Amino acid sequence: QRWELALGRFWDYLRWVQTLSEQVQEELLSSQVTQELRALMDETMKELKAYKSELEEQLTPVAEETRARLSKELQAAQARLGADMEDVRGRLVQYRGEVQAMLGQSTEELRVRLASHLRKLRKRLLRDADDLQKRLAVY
C-alpha cells in the first residue's frame, strides 16, 4: 500500500481542486496547486518504482519469457498513470493562462468547462490506477 497511500493523497488533493472553491481558484492562479500536484505525482511514482522493484524478489517465473511480457506491460501501465497525472497538471497550467487572457473578465464559463474536463481526466486516471493495481497483483 505505500504507493497506493501516496496516490490516495494525489487523488484527495485533486478531488479538492475539482470543487473549484475560492481557495482552489486562488491557489490555481499561482503555481501553488500544479506544484503541489507535481510533488504528489513524483512521490507516487517514486513509491511505485520502489514497490515493483521489491516485488521482483518474490516471483515464480516458471512460464519463462512471460515475465518479460508481464514486466513491459506493468511498465506501461505505470507510464499511463504518470502521463494521466501530468495531463491534469497541464489542464490546470492551461487554465491559469486562459484566465490571464480574459483580462479581468468573468471566468465563470472557463470554470464550468475546466470542471467537466477535470471530471474526465480523473475518470481516466482512476481506470489506469485500477488496471495498474491489477497487473501489480499478478505479482
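We number the residues from 1 along the sequence you see.
Between 57 to 65 and 100 to 108, it is 57 to 65 that carries the larger average Cα temperature factor according to the deposited entry. When the two stretches 127 to 135 and 114 to 122 are set side by side, the higher mean Cα temperature factor goes to 127 to 135. For the set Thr44, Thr34, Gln78, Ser71, the maximum C-alpha B-factor listed in the entry falls on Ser71. Sort the modelled residues of the chain by CA B factor and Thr19 lands in the middle third.
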